[PDB]
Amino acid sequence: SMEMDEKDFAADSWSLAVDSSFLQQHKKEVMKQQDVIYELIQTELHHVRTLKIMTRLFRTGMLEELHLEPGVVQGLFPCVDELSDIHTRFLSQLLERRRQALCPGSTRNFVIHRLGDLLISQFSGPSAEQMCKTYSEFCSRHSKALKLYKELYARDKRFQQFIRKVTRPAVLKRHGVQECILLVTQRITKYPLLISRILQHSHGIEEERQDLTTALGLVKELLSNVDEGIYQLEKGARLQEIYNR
């Protein structure tokens, strides 16, 4: 993450991030809606950060310091570049929407009134197709990545010393290789929870309640599609085991 975005999302809620004189000017219902929207952005920032640990810290560090068989690093971090692209773009749009909403003379006081439209665009058309295809591929390769990680840690000394070294800092406590993989898999199923709770506090403007209801149905359709396209890959699986599923 970059310091600018970290400080903007450092507080536990939007009600604690804005100035108290700015908070005092809004209705309770607006504050509740803004706290949930802030949580979606804050967790999207953390998710993009998890993908950067995977590509820059783990993947690149292995390519630049270790001597691993070709295709091993790919097996450990499947689709990480495609995922980082989808989510960094989505995060850019969320952060730009907050930035446009800032009061002149302020870097923290804002209200996001129109999130629905941005969520419908993310979860429809080409961008939805790319998330469906990338998560179907990622979640099918998830178990293989963990087993490959466990083998390398147990049988390779230089790989074991690399892991211990790059994961030693305290800011990496909950971000090991296996933790990053499950954090990514679990991300897509957090979207309907956040969006439904934003919808709960967005009945004031009827166009917004409708946009959020459409976005909720789109996210659910994507999840159902990803779920139906999953089939766990096993390293060294025989054809007979596959066609007798």
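Take the two forms, superpose them, and find the largest set of C-alpha atoms that agree within 1.5 Å; that set is the rigid core. In this text, residue numbers run from 1 along the sequence as written.
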Q: Please work out whether 214-222 or 65-73 has the higher root mean square C-alpha deviation in 8 other deposited structures of this protein relative to the shown form, with the rigid core as fitting region?
A: 65-73
Q: Averaging only over Cα atoms, indicate whether 152-160 or 166-174 has the higher B-factor in the PDB entry.
A: 152-160
Q) Looking only at CA atoms, which has the higher mean B factor in the entry: 138-146 or 70-78? A) 70-78
Q | Top residue by Cα temperature factor, when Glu179, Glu64, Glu44, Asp35 are compared in the entry | A | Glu64
Q. With respect to C-alpha B-factor, does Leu91 fall in the lowest, middle or highest third of the chain as deposited?
A. lowest
Q: Going by the recorded CA B-factors, say which third of the chain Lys28 sits in, lowest, middle or highest.
A: highest
Q: Please place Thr107 in the lowest, middle or highest third of its chain by C-alpha B factor as given in the entry.
A: lowest
Q.
How does the C-alpha B factor of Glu207 compare with the rest of the chain: lowest, middle or highest third?
A. highest
Q. According to the PDB entry, is the CA B factor of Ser21 in the bottom, middle or top third of its chain, that is, lowest, middle or highest?
A. highest
